[PDB]
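Presented below, as structure tokens, is a lone chain in the form deposited in one PDB entry.
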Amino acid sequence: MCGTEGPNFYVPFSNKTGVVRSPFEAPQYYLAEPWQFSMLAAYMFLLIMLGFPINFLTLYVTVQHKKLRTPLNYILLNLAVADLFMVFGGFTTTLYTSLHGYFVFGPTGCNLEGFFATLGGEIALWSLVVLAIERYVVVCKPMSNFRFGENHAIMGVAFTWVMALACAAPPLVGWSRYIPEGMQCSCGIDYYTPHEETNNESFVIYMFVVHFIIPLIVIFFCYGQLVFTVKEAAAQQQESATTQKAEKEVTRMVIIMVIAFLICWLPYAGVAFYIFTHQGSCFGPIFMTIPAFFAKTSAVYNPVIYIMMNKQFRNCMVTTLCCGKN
């Protein structure tokens, strides 16, 4: 008996003292001191001030630079858009509610902010999956007469939207649900209550397998094969100093991407492991929300790694910031 249940919410605090209030009606300052809600606000401000420009600039320099508009880059624009859903559907709403100390938009606002913030993060996730599939296809050439073009790259983007809707949309119609989470200032999928009426258990399993396990396997396989192919090819051309240089930098970049993905991925896996063993206790506000706190920062560091470290975008972005010169 660690928390307080109500219709459409679960406050991770016991009501034995009678102080708990609906997170839709009154501030949750028994979960956390006001200054900690402010620090939640400050963190959201940081993510907005870094996350909007980087992702907006990614869309903006693609409009100004013809050479960026290649099919292999479409999935990166999708990534930028997904991050902006997170920045505006998620961080902005949470900055605003955090300063009230509760989710001031009510259960309807909870579904909206939950849906769009879950959709944004899901589209990003699957964009990294699809980008890895695309790079694997282009480099390892597993179809003999195949050339990756505009129509294929559109399919990849559409695919991320289907996968993201497949996670974000069921809680809207009765499989899982959106509720306040953590300090009750933002809304998300309910993996926190063993709700039976909406079959929460099977959605968590389905999330775990399809939207957590499968992405990691596909990302590791595609990039593993790719590094193997590039090393193998470079080994056959050891007379080419640039081939060796290119190999070293492809390898080093895959390592950064995979480690970045694990930095986002392992906190969920560590916390989920706690859920299987050490089931006994129930704990909050944080909880499995430690990964979520840090997974939000992927709206900032993913564009840094996949876009800002891409040689083309960097030079185009410099040209654009410097009003066309240098």
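Each residue number is its position in the shown sequence, starting from 1.
Just so you know, the form deposited with a partner chain bound exists too; it's not on screen, but the next bit is about it.
Checking 179-187, 118-126, 77-85, 242-250 against the partner chain in the entry with it bound, the stretch whose residues place heavy atoms within 4.5 Å of it is 242-250. Although the partner is absent here, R135 lies within 4.5 Å of the partner chain in the entry with it bound, judged by heavy atoms. By the criterion of a heavy atom within 4.5 Å, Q312 is counted among the residues contacting the partner chain in the entry with it bound.
Taking the partner from elsewhere, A32 is found to have every heavy atom lying beyond 4.5 Å of the partner chain in the entry with it bound. At the 4.5 Å threshold, heavy atoms of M257 reach the partner chain in the entry with it bound.
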